[PDB]
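Asks: Pasting a structure below so you can have a look.
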Amino acid sequence: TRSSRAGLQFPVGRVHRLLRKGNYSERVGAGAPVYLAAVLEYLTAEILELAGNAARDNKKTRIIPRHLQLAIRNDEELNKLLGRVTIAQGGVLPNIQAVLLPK
Amino acid sequence: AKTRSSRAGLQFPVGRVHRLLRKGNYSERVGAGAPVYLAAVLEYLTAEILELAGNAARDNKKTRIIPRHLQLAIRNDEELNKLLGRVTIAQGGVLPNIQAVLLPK
Amino acid sequence: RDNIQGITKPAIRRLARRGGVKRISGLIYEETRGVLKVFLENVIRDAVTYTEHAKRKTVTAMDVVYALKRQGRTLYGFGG
Amino acid sequence: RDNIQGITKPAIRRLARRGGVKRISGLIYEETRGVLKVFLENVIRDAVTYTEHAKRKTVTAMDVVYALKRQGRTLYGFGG
Amino acid sequence: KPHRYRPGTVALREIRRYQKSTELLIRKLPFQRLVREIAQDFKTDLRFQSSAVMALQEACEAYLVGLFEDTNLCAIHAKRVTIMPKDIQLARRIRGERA
Amino acid sequence: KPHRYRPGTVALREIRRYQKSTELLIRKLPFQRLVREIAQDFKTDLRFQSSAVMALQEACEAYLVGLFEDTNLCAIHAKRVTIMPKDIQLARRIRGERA
Amino acid sequence: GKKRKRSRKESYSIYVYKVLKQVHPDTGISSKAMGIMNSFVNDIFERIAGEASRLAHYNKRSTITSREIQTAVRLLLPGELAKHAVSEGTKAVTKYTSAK
Amino acid sequence: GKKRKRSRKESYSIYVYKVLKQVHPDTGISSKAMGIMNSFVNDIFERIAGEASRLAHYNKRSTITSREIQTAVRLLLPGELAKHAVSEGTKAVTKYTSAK
Ligand SMILES: [Ca+2]
C-alpha cells in the first residue's frame with residue numbers, strides 16, 4: 001500500500017482521491033497526498049498524545065471532548081491553530097480574574 | 001453573431017465570466033445560466049457603488065470618482081459597509097467621526 | 001409567551017459563571033436575550049438556506065455546521 | 001540600520017488623530033511601534049513566503065495583497 | 001447560629017464549578033422551542049434533526065460564554081467587578097459584530 | 001498678549017483635518033527602510049516593487065487608524081479621554097490578535 | 001514606436017465605465033478608483049463562486065447552475081442588496097433563455 | 001430481512017485509532033471525541049488544500065505538488081508546529097520515493 005511505503009497510518013490514496021475530487025486543481029502531484037497525509041497524521045498524533053495525557057491525569061482510559069479541549073487550549077500553538085474553532089462538550093479552562101478573588 | 005451579454009441585456013461580459021468559472025477550480029461543470037446570473041449580480045453591485053460614488057463626487061463639486069468618493073459611499077450605506085466590512089479601500093480615509101464626550105461643552 | 005424568556009435568569013447566570021463573571025447587573029438578562037436571538041437568527045437563516053437549497057423540509061446537523069463555519073465559528077464533533 | 005524610530009512620535013499622533021483620538025499618553029508611542037512591527041512581520045513573512053514559492057527575488061504587490069487577504073485584512077487597489 | 005456566605009463567595013464557588021464542567025447550561029427544551037420559533041420566520045413546517053438543535057445549542061453556549069469573558073474584561077477595565085449592558089456593547093463593537 | 005489655544009482645541013482641529021484627508025501620515029522613506037529591515041530577518045537581498053511598499057503602508061495605516069478607534073472607545077469606557085497602553089492591549093485582546 | 005507588445009492584463013474597467021455612463025453619464029473615474037472597482041468585482045466573483053462551489057459540493061453535484069449562484073448570493077449579500085441582485089440575475093437568465 | 005442500507009459514510013476514525021494506539025496503547029476515545037478528531041482532520045485538510053489551490057492558481061500552475069503543500073503548511077501552522085509538519089512531510093515523501 002502507498003501508506004505502507006510512506007511509513008504512515010493515514011490513507012495516501014484517500015487523500016490523493018480527495019485532492020482530485022475536491023476542486024483544488026486540474027492535476028495533483030504524486031508527492032502531494034503523501035505529504036498532506038503525513039502532516040495530517042503528525043497533527044493528529046500531537047493532539048492525541050496530549051489529550052491522552054489529560055485522560056491519564058483524570059484516571060480515565062478513554063479520551064472525551066474535555067480531554068481534547070484541555071490538550072488544545074493549554075498548548076500555545078494548537079490553541080492558535082484552532083482559535084476560531086469550538087470543541088463540542090469541551091468547556092473552558094479554569095481561569096478567574098485576579099481582582100475578582102478575595103485578599 | 002451577437003454576444004451572450006446582449007442576449008442577457010447586460011454590460012458585464014457573460015462569456016468572460018463563464019470562462020473564469022471553468023478556469024477557477026470551482027466545479028467540474030458549469031451551467032449556462034450561472035455566468036449570466038453572476039455577471040448580472042456583479043453589474044448590479046457595481047452600479048449600486050457607482051451611483052453612490054458619483055453622488056459623493058458631485059457633492060465634492062468633482063466630475064471624476066476617486067477612492068475617497070467610493071469609501072464615503074460605501075461606509076455611509078449600512079449594507080455595503082456590511083458587505084465590505086473586512087475590506088480596506090486604499091487612499092479612502094475615514095468618515096469624519098469625533099466621539100461626543102471629546103467635544104467642548 | 002416569547003420562547004426567548006425560556007432562556008431564564010438562572011441559565012444566563014450559569015453561562016456568565018463559565019465565562020468567569022462574578023457580579024451581574026439586572027439589565028444583562030434582557031441584553032443577553034437580545035444578543036442570543038440575533039446570534040440564532042443569523043446562524044439559523046443560513047442553515048435553512050442550505051436546507052431550502054437541498055430541497056428538504058428537515059434541517060440537518062450539517063446544515064447548522066455549514067452555517068456556523070460561514071459565520072466564522074467553526075464547530076467540531078457534529079459531522080465536520 | 002535601526003529604522004523603527006523613523007516611525008516618529010508626530011506620525012503616530014497623526015494616525016491617532018485620524019482615528020479620532022484627542023489625548024495621548026507618553027507611553028503610547030513605544031507601545032504602537034511594537035504593534036506596528038508585529039503587524040509588519042506577520043504580513044511580510046507571508047508575502048515573502050509567496051515570493052519564495054514563486055522563485056522570485058523581488059516582492060510584488062500581489063505577494064502583499066495575497067498576504068493581507070490571508071490575515072483577514074483584504075486590500076483593494078493594488079491589483080487585488 | 002444561622003450560617004451566611006458573603007456576597008461574592010457563592011458566585012466564586014459557581015464559577016469554579018461551571019468552569020470544571022462541560023454540560024450544557026441552558027435547559028434543552030425551552031432552547032429547542034426558541035430555535036423552532038425563530039426558524040418559522042424563514043420557513044414554515046420545518047423539521048429538525050435532534051443533533052441539529054444540539055449543534056445550535058453547543059454553538060450558542062460557547063459564543064455567549066466567550067462573550068462573557070470579553071465583557072468581563074470590559075467591566076474590569078472600567079474599574080468594576082459588575083458586568084453591564086455597555087460592557088457587552090463595547091465588546092461586540094470591538095469584535096466587529098455591531099457597528 | 002501672545003495668543004494661546006487651550007489644551008484640547010488643536011487636538012480636535014488635527015482630528016477634523018486628518019479625518020477629512022486620505023493621504024498617508026507616516027513618512028514614506030522611514031517606512032520603506034523599516035519594510036526592508038524586517039524583510040531581512042526572513043530572506044536577505046530582497047527587492048521590492050514600489051507598489052508593494054505602498055500596499056504595505058496603505059495596509060499598516062488602515063490597521064493602526066482602525067486600532068486607534070477601538071482604543072479610543074476603551075479609554076472612553078473607563079471614563080478617560082487619554083489613550084493608554086492598556087487600552088490598546090484590551091482592544092487587541094478582544095479582537096483576538098493577542099492572548 | 002517600440003517593439004514587443006506589453007503582456008495582456010485583464011480588467012473589468014471597460015464594463016465599469018459602461019455601467020458608470022448609465023448611472024452617472026456626466027461622471028468619470030480616477031486611475032486608483034478603477035483599481036478599487038476591479039479589486040471589488042474580483043472579490044465578489046471569488047466569494048460568490050466559492051460559495052456556489054461549496055453548495056454544489058455539499059449536495060454531491062458536479063454542476064454549478066444559476067440556482068447555486070442565487071443561493072450563494074442569498075447567503076453573502078445583505079437584505080436589500082440580495083433582493084435586487086436576485087431580481088437582476090433572474091431577469092438576466094429569463095431574458096437570455098428567451099433570446100436563446 | 002437483510003434490509004441492505006450500508007450507507008457507507010466515510011471517516012478517518014480507523015486511522016485515528018491506529019495513531020492513538022501508537023502514541024498510547026492502553027487508552028481509547030469516546031464517540032463524540034472521535035467526532036472532534038474527524039472534524040479536526042477535515043478542517044485542516046480543507047485549509048491546506050485550499051491554500052495549496054491558491055498557490056498553484058496564483059502561479060498559473062495546473063498541478064498541486066508537495067511543494068504547494070509545504071508552502072501552505074508554512075503559511076497556515078504556527079512556528080514550531082510548522083517546522084515539524086514540514087519535517088514529517090519531507091521525510092514521508094523521501095521514504096515513499098525510495099520504496100517501489
Ligand atoms: Ca508524538
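Identifiers in the C-alpha cells: chain A, B, ... in order shown; residue index from 1 per chain; ligand index from 1 in order shown.
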Please, which residues have at least one atom within 9 Å of an atom of ligand 1, using only C-alpha atoms and all ligand atoms, listed as a list in words?

Replies: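 So the residues close to ligand 1 are residues 42, 43, 45, 46, 47, 48, 49 and 50 of chain A; 22 and 23 of chain H.
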
Asks: Selected residues, C-alpha atoms, written as a PDB file, in the first residue's frame, please.

Replies:
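File produced: part-v6.pdb:
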```pdb
ATOM      1  CA  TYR A  42       1.529  14.318  12.649  1.00  0.00           C
ATOM      2  CA  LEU A  43      -1.035  16.884  13.924  1.00  0.00           C
ATOM      3  CA  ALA A  45      -0.633  12.415  16.704  1.00  0.00           C
ATOM      4  CA  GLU A  46       0.239  15.606  18.620  1.00  0.00           C
ATOM      5  CA  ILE A  47      -3.300  16.176  19.960  1.00  0.00           C
ATOM      6  CA  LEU A  48      -3.943  12.518  20.899  1.00  0.00           C
ATOM      7  CA  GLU A  49      -0.611  12.433  22.798  1.00  0.00           C
ATOM      8  CA  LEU A  50      -1.628  15.443  24.898  1.00  0.00           C
TER       9      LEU A  50
ATOM     10  CA  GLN H  22       0.899   4.078  18.539  1.00  0.00           C
ATOM     11  CA  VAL H  23       1.096   7.068  20.966  1.00  0.00           C
TER      12      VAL H  23
END
```

Asks: Give me the residues near residue 99 of chain E as a PyMOL selection string, where near means some atom within 10 Å (using only C-alpha atoms) and where sequence neighbours in that chain fewer than 5 positions away do not count.

Replies: (chain B and resi 78+81-82+85) or (chain E and resi 89+92-94)

Asks: Kindly indicate which residue among H:76, H:6, H:28, H:94 lies nearest to residue 50 of chain H, using only C-alpha atoms for the distances.

Replies: H:76

Asks: Counting only C-alpha atoms, which residues of chain E come no farther than 10 Å from chain A, as number ranges by chain?

Replies: E: 8-9, 12, 15-24, 54-55, 57-59, 61-63, 65-66, 69, 72-73, 76, 79-81

Asks: Let me see the file: selected residues, N, CA, C and O atoms, as a short mmCIF file (atom, residue, chain, number, x, y, z; two decimals), in the first residue's frame.

Replies:
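To be explicit, this is the file written out as selection26.cif:
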```
data_model
loop_
_atom_site.label_atom_id
_atom_site.label_comp_id
_atom_site.auth_asym_id
_atom_site.auth_seq_id
_atom_site.Cartn_x
_atom_site.Cartn_y
_atom_site.Cartn_z
N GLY E 8 -20.60 37.39 46.84
CA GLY E 8 -19.44 37.06 46.00
C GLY E 8 -18.88 35.66 46.23
O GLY E 8 -18.24 35.10 45.33
N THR E 9 -19.12 35.10 47.42
CA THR E 9 -18.48 33.85 47.82
C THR E 9 -19.06 32.65 47.08
O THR E 9 -18.32 31.75 46.67
N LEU E 12 -18.22 32.98 43.33
CA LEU E 12 -16.90 32.36 43.19
C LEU E 12 -16.90 30.83 43.22
O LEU E 12 -16.08 30.21 42.52
N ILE E 15 -18.52 29.82 39.68
CA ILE E 15 -17.52 29.97 38.62
C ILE E 15 -16.67 28.70 38.59
O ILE E 15 -16.66 27.96 37.60
N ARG E 16 -16.01 28.43 39.71
CA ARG E 16 -15.14 27.27 39.84
C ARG E 16 -15.82 25.98 39.40
O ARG E 16 -15.21 25.16 38.70
N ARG E 17 -17.08 25.81 39.79
CA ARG E 17 -17.82 24.61 39.45
C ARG E 17 -18.05 24.50 37.94
O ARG E 17 -17.73 23.47 37.33
N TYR E 18 -18.60 25.57 37.37
CA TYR E 18 -19.04 25.57 35.97
C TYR E 18 -17.87 25.51 34.99
O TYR E 18 -17.96 24.82 33.97
N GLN E 19 -16.76 26.18 35.32
CA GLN E 19 -15.52 26.08 34.51
C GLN E 19 -15.04 24.62 34.43
O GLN E 19 -14.59 24.18 33.37
N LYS E 20 -15.18 23.88 35.53
CA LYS E 20 -14.76 22.47 35.62
C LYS E 20 -15.63 21.49 34.82
O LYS E 20 -15.16 20.42 34.41
N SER E 21 -16.90 21.86 34.63
CA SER E 21 -17.86 21.04 33.92
C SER E 21 -18.00 21.42 32.45
O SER E 21 -17.58 22.51 32.03
N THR E 22 -18.58 20.52 31.67
CA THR E 22 -18.77 20.71 30.24
C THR E 22 -20.23 20.61 29.79
O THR E 22 -20.51 20.74 28.60
N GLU E 23 -21.15 20.40 30.73
CA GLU E 23 -22.54 20.09 30.37
C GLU E 23 -23.27 21.37 30.00
O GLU E 23 -23.03 22.41 30.60
N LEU E 24 -24.16 21.28 29.02
CA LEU E 24 -24.86 22.47 28.54
C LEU E 24 -25.70 23.10 29.65
O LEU E 24 -26.35 22.40 30.42
N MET E 54 -28.95 20.39 18.83
CA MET E 54 -27.82 20.27 19.76
C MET E 54 -26.59 21.04 19.29
O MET E 54 -25.91 21.68 20.10
N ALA E 55 -26.31 21.00 17.99
CA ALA E 55 -25.22 21.80 17.41
C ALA E 55 -25.49 23.26 17.74
O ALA E 55 -24.66 23.94 18.35
N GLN E 57 -27.17 24.61 20.02
CA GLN E 57 -27.01 24.95 21.44
C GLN E 57 -25.54 24.99 21.84
O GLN E 57 -25.07 25.99 22.41
N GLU E 58 -24.81 23.92 21.53
CA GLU E 58 -23.36 23.87 21.73
C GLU E 58 -22.72 25.16 21.20
O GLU E 58 -21.94 25.80 21.90
N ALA E 59 -23.12 25.53 19.98
CA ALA E 59 -22.72 26.80 19.37
C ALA E 59 -23.14 28.04 20.18
O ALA E 59 -22.31 28.88 20.51
N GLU E 61 -23.97 28.40 23.24
CA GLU E 61 -23.43 28.45 24.60
C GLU E 61 -21.95 28.83 24.61
O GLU E 61 -21.54 29.66 25.43
N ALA E 62 -21.17 28.26 23.69
CA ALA E 62 -19.75 28.63 23.52
C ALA E 62 -19.55 30.13 23.22
O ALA E 62 -18.75 30.79 23.88
N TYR E 63 -20.29 30.64 22.23
CA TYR E 63 -20.25 32.06 21.82
C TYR E 63 -20.57 33.03 22.97
O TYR E 63 -19.89 34.05 23.12
N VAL E 65 -20.65 32.31 26.39
CA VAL E 65 -19.61 32.14 27.40
C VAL E 65 -18.41 32.99 27.01
O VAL E 65 -17.95 33.82 27.80
N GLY E 66 -17.93 32.80 25.78
CA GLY E 66 -16.82 33.59 25.23
C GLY E 66 -17.05 35.09 25.33
O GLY E 66 -16.17 35.82 25.80
N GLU E 69 -16.59 36.36 28.80
CA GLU E 69 -15.17 36.55 29.12
C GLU E 69 -14.68 37.92 28.66
O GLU E 69 -13.99 38.62 29.40
N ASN E 72 -16.47 40.66 30.62
CA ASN E 72 -15.92 40.72 31.98
C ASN E 72 -14.68 41.61 32.03
O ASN E 72 -14.53 42.39 32.97
N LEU E 73 -13.82 41.50 31.02
CA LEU E 73 -12.64 42.35 30.92
C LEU E 73 -13.00 43.83 30.73
O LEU E 73 -12.34 44.69 31.31
N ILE E 76 -13.99 45.10 34.24
CA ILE E 76 -12.75 45.25 34.99
C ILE E 76 -11.94 46.45 34.49
O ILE E 76 -11.41 47.23 35.29
N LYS E 79 -12.69 49.69 35.98
CA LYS E 79 -12.60 49.60 37.43
C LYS E 79 -13.93 49.17 38.07
O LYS E 79 -14.41 49.82 39.00
N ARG E 80 -14.51 48.09 37.55
CA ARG E 80 -15.71 47.49 38.11
C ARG E 80 -15.52 45.99 38.20
O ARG E 80 -14.61 45.43 37.59
N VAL E 81 -16.38 45.37 38.99
CA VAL E 81 -16.50 43.92 39.07
C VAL E 81 -17.86 43.42 38.55
O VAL E 81 -18.04 42.21 38.33
#
```

Asks: May I have the residues within 7 Å of segment 50-53 of chain B as an MDAnalysis selection string, using only C-alpha atoms and disregarding those fewer than 4 positions away in the same chain?

Replies: (chainID B and resid 46 57 65 69:70 73) or (chainID G and resid 20 23:24)

Asks: For residue 51 of chain A, work out the shell of residues within 8 Å, counting only C-alpha atoms and skipping chain neighbours fewer than 3 positions away, then give it as a ChimeraX atom specification.

Replies: /A:47-48,54-55,63,67-72

Asks: Would you save the residues of that selection, restricted to N, CA and C atoms, as a compact mmCIF listing (two decimals), in the first residue's frame?

Replies:
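So selection_28.txt came out as:
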```txt
# COMPACT_ATOMS: atom_id res chain seq x y z
N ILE A 47 -2.14 15.92 19.11
CA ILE A 47 -3.30 16.18 19.96
C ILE A 47 -3.62 14.95 20.81
N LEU A 48 -3.66 13.77 20.18
CA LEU A 48 -3.94 12.52 20.90
C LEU A 48 -2.96 12.28 22.04
N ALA A 54 -3.98 14.04 29.31
CA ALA A 54 -5.12 14.62 30.06
C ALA A 54 -6.10 13.58 30.58
N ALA A 55 -6.28 12.49 29.83
CA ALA A 55 -7.09 11.36 30.28
C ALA A 55 -6.37 10.57 31.37
N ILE A 63 -10.39 8.98 26.18
CA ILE A 63 -10.39 10.39 25.83
C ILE A 63 -11.84 10.82 25.53
N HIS A 67 -10.97 16.23 27.42
CA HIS A 67 -9.54 15.92 27.34
C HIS A 67 -8.86 16.55 26.10
N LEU A 68 -9.57 16.57 24.97
CA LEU A 68 -9.07 17.22 23.76
C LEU A 68 -9.02 18.72 23.95
N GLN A 69 -10.09 19.29 24.51
CA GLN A 69 -10.14 20.72 24.82
C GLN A 69 -8.99 21.16 25.72
N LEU A 70 -8.75 20.42 26.81
CA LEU A 70 -7.64 20.71 27.74
C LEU A 70 -6.27 20.58 27.08
N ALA A 71 -6.12 19.63 26.15
CA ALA A 71 -4.86 19.46 25.41
C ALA A 71 -4.61 20.64 24.49
N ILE A 72 -5.62 20.99 23.71
CA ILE A 72 -5.52 22.07 22.73
C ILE A 72 -5.33 23.45 23.38
```

Asks: Check the DSSP output for the backbone and give back, as a ChimeraX atom specification, the residues of segment 7-80 of chain C in helix (DSSP H, G or I).

Replies: /C:9-18,28-53,61-70

Asks: Only residues of chain B matter here; which ones have an atom within 7 Å of chain G, counting only C-alpha atoms? Give them as number ranges by chain.

Replies: B: 7-9, 11-12, 26-31, 33-34, 36-38, 40-42, 44, 47, 50-51, 54, 63-67, 79, 83, 89

Asks: Which residues, written as JSON, numbers by chain, have at least one atom at most 12 Å from segment 61-63 of chain C, with only C-alpha atoms counted and residues fewer than 5 positions away on the same chain left out?

Replies: {"C": [43, 44, 45, 46, 47, 48, 49, 50, 51, 52, 53, 54, 56, 68, 69, 70, 74, 75, 76, 77, 78, 79, 80], "E": [47, 48, 49, 50, 51, 52, 53, 54, 55, 56, 57, 58, 59], "G": [55, 58, 59], "H": [39]}

Asks: As a list in words, please: the residues near residue 34 of chain D (cut-off 10 Å, only C-alpha atoms, same-chain neighbours under 6 positions excluded).

Replies: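 Neighbouring residues, sequence-local ones excluded: residues 4, 28 and 40 of chain D.
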
Asks: I need the residues of chain D that end up classed as strand (DSSP E or B) by DSSP on the backbone, written out as an MDAnalysis selection string.

Replies: chainID D and resid 23:24 58:59 74:76

Asks: Take the residues from that selection and put them in a file with N, CA, C and O atoms, as a PDB file, in the first residue's frame.

Replies:
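Here's the written file again05.pdb:
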```pdb
ATOM      1  N   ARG D  23      -6.559  62.868  23.292  1.00  0.00           N
ATOM      2  CA  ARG D  23      -5.456  62.894  24.259  1.00  0.00           C
ATOM      3  C   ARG D  23      -4.683  61.560  24.306  1.00  0.00           C
ATOM      4  O   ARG D  23      -5.283  60.485  24.302  1.00  0.00           O
ATOM      5  N   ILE D  24      -3.351  61.647  24.351  1.00  0.00           N
ATOM      6  CA  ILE D  24      -2.466  60.517  24.075  1.00  0.00           C
ATOM      7  C   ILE D  24      -1.348  60.398  25.111  1.00  0.00           C
ATOM      8  O   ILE D  24      -0.456  61.237  25.129  1.00  0.00           O
ATOM      9  N   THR D  58      12.156  39.375  -5.811  1.00  0.00           N
ATOM     10  CA  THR D  58      11.515  40.673  -5.704  1.00  0.00           C
ATOM     11  C   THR D  58      10.071  40.462  -5.259  1.00  0.00           C
ATOM     12  O   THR D  58       9.307  39.758  -5.934  1.00  0.00           O
ATOM     13  N   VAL D  59       9.716  41.078  -4.129  1.00  0.00           N
ATOM     14  CA  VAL D  59       8.357  41.038  -3.591  1.00  0.00           C
ATOM     15  C   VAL D  59       7.439  41.876  -4.487  1.00  0.00           C
ATOM     16  O   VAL D  59       7.750  43.026  -4.807  1.00  0.00           O
ATOM     17  N   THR D  74      -8.109  42.210   3.871  1.00  0.00           N
ATOM     18  CA  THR D  74      -8.207  42.474   2.431  1.00  0.00           C
ATOM     19  C   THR D  74      -7.906  43.945   2.053  1.00  0.00           C
ATOM     20  O   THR D  74      -8.376  44.877   2.720  1.00  0.00           O
ATOM     21  N   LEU D  75      -7.091  44.118   1.006  1.00  0.00           N
ATOM     22  CA  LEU D  75      -6.758  45.430   0.445  1.00  0.00           C
ATOM     23  C   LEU D  75      -7.136  45.541  -1.041  1.00  0.00           C
ATOM     24  O   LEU D  75      -6.731  44.720  -1.877  1.00  0.00           O
ATOM     25  N   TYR D  76      -7.871  46.605  -1.350  1.00  0.00           N
ATOM     26  CA  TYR D  76      -8.325  46.913  -2.697  1.00  0.00           C
ATOM     27  C   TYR D  76      -7.427  48.001  -3.280  1.00  0.00           C
ATOM     28  O   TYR D  76      -7.010  48.906  -2.565  1.00  0.00           O
TER      29      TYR D  76
END
```

Asks: Just to confirm, what's the straight-line distance from atom CA of residue 19 of chain C to atom CA of residue 66 of chain C in Å (one decimal)?

Replies: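 The value is 25.9 Å.
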
Asks: Mind pulling up the distance from atom CA of residue 15 of chain D to atom CA of residue 70 of chain E?

Replies: 26.4 Å
